[PDB]
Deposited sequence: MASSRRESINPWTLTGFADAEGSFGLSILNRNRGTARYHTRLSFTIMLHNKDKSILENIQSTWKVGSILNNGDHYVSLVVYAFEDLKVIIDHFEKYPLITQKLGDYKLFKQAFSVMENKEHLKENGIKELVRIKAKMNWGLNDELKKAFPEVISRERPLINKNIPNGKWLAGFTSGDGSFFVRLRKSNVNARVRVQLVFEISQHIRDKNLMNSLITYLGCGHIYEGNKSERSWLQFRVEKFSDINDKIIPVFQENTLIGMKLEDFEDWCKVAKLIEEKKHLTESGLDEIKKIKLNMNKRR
């Protein structure tokens, strides 16, 4: 269907915005636990169509409101997780979140085998949870004080294809237009920010795209891959996402963005009339 999302683009978007959760909460009855596995993407409700298209591609998950500005797709039901696992086995994540998925998959197998009901089975879930995301809370640490290891292998993966990069960029990327006054100057920029735990992957964008720069700051837990040279934006960045379509509102930013690139390519941004259309397109992107 027209609303289907390329499975690599979906994995790339998951690498950007998704989250694998393992909730282990006290249940009342003596020493019983709620055990909840989940995959979640929460967005501004201006991008609810993304979540609906993902739900339509996978045929699992429930869309819910969060506040008045946000909306999330949550996959949680036991059989629904098998569809998540089957997709990610075949279209694997490449950021550090691969580690979280693999622990999530490991907890799933523990629960599918009913091992978390045996006398010494919840401790295994706690051990898995401690390695996921932000690890254990204080309460779980007090109830399982012997579970201290957060060691897990670091993920080292290459960008698999442009479909993945389109999904990743649709999440964590940015296409914007700069105007600077010395004459009013125009500048197209492309940037992706990311936590330094994936510094190798972000570094590799320079090779994979044949342009750009990695900036880190002298302060900083996150870095930026950025392209500021116009001919790199025109000859390398724009063709890559023409071949691999972005999703959500960022595709609209891109389409507006390229319209500015066409104007500047024709040198028609120097024209006072050409610059005035650039200001209009930019005012439209602010929406």
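Gaps in the coordinates relative to the deposited sequence fall at 1-4, 32, 188-191, 229-230, 299-300.
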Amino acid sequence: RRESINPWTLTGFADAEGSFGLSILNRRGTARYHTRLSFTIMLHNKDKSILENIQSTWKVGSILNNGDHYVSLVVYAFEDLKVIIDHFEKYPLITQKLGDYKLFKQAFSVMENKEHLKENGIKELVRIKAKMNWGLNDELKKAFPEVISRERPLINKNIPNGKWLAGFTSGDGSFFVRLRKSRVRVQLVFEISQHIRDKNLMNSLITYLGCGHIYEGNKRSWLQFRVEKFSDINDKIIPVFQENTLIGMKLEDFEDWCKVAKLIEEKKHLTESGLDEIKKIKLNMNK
From here on, numbers count along this sequence of modelled residues.
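Stretches 91-99 and 129-137 differ in mean C-alpha B factor, with the higher average recorded for 129-137. Of the two stretches examined, 6-14 and 264-272, the record assigns the greater average C-alpha temperature factor to 264-272.
By the numbers in the PDB entry, the CA B factor is greatest at 185 among 82, 199, 157, 185. When the C-alpha B factors of 226, 44, 36, 27 are read from the deposited coordinates, the top value falls at 27. When all modelled residues of the chain are sorted by CA temperature factor, residue 77 is found within the highest third. Per the PDB record, residue ranking by Cα B-factor puts residue 86 in the middle third of the chain. Among all modelled residues in its chain, residue 180 ranks in the highest third by Cα B-factor.
Ranked by C-alpha B-factor against the other modelled residues of its chain, residue 147 falls in the highest third. Among the modelled residues of the chain, residue 121 sits in the highest third by CA temperature factor in this PDB entry.
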